[PDB]
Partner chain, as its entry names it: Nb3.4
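Coming up is one lone chain in structure tokens, specifically the form deposited without the partner chain.
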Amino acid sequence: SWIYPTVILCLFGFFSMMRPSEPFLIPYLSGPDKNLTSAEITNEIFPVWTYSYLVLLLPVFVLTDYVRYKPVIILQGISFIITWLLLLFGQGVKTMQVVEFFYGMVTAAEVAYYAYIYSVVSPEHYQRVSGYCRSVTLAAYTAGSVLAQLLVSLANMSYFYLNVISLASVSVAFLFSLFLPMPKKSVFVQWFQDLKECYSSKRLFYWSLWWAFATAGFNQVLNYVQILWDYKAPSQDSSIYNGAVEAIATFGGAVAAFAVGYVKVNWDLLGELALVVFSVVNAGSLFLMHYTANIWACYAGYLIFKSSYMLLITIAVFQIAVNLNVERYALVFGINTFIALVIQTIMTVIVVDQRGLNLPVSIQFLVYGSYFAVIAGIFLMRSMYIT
């Protein structure tokens, strides 16, 4: 039944995201072992991830369905071993740009990871599995963060051994990906015409329109929420309080994702109302983050925002999967992720890039809340227009 592929994919997505080195990547990179600097990390290393993410998304979303979703998952596994082997034994900027290239491979193939299970189970489970998948990944993340925040503070574990544990985790995920069951088989304008037949599905260009625009703002909030927290209450101890909050904000999101899989609720006839309710919830949380000068209220707002967004994106992925009616599971997921990344890049050029408006983080989250309020009102007025 659905149990075996779902369990194997959940194990892969757990051990491939249970990465203790993620919260402490910068202290690892800028430190006594790697010996990098904050200039070479944010200007010569980090943008390589974005560039590699866009271009590797290009073949990822074109060719994933054709190769039946397993080799890209296996390619993600091999990229995990290469990325962390180079992180473990890499020196100089040149090697870390290769690390960023392979992490772009990993992040692009996450799209294949999310679509493989849809390619392998019956549509009747497409809801349950959906939540489970998202849930375990988020769970993995918080576990990793916890296994970080515990170890470094209760075993004096150097970041080198954190990355060793991370490599051990992602290598076992490679073995789990090796055991994934293989899904069964089945000019330029023609492809586009097929795309025209793929995005014409019922309520799938609408959920796609939410996915393309909402997750761009979500990634912007993810990137700059740490800066907002540092601006709100600049303290030397916040390093142990920021990530932990995210460790309890991702976990809550996991629960929200687990809400989609577990409960049996007809989403087809209620997905629009849930979409508008949780979109205005995201907007209200983001305005709650910006307006209140209290770090605890801001933490609660971030938790609410992350949980509601994770619930909404789980619903979006499930609703796209059921309504797709074509095998191009990763084509829609990949194109949605690529468009979301393009929108996020354009917005980060406009709002925070020094060549644009150069808005500080005080107004950064006001702009993000306004962006999400526009998303909600566009989607809320659509429901009224239909009725």
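Numbering follows the first chain given and starts at 1. Here, rigid core means the biggest group of C-alpha atoms that superpose within 1.5 Å across both forms.
What comes next is about the form solved in complex with the partner chain, which does not appear here.
Asker: Considering 48, 41, 347, 340, which brings a non-hydrogen atom within 4.5 Å of the partner chain in the entry with it bound?
Answerer: It is 41.
Asker: Could you check which residue among 208, 220, 171, 226 gets a heavy atom within 4.5 Å of the partner chain in the entry with it bound?
Answerer: Residue within 4.5 Å of the partner: 226.
Asker: Tell me, please, which stretch of 112-120, 233-241, 259-267, 284-292 lies within 4.5 angstroms of the partner chain in the entry with it bound when heavy atoms are compared?
Answerer: Correct option: 233-241.
Asker: Is residue 59 a contact residue for the partner chain in the entry with it bound, using a 4.5 Å heavy atom cut-off?
Answerer: No - in the entry with it bound, heavy atoms of residue 59 and the partner chain never come within 4.5 Å of each other.
Asker: Please tell me whether any heavy atom belonging to residue 23 falls inside 4.5 Å of a heavy atom of the partner chain, as the geometry stands in the entry with it bound.
Answerer: Flag for residue 23 set to yes.
Asker: Under a 4.5 Å heavy atom criterion, is residue 30 part of the interface with the partner chain in the entry with it bound?
Answerer: Result yes; residue 30 sits at the interface with the partner chain in the entry with it bound.
Asker: Residue-level question: is residue 325 within 4.5 Å of the partner chain in the entry with it bound, judged on heavy atoms?
Answerer: Judged by the heavy-atom cut-off of 4.5 Å, residue 325 is well away from the partner chain in the entry with it bound.
Asker: Let me know which residues along 329-364 have a heavy atom within 4.5 Å of the partner chain in the entry with it bound, or say none if there are none.
Answerer: The stretch touches the partner through 358, 359, 360, 361.
Asker: Can you tell which of 95, 292, 235, 158 moves its Cα by 2 Å or more between the shown form and the other one, with the two forms laid on the rigid core?
Answerer: Among the listed residues, the outlier is 235.
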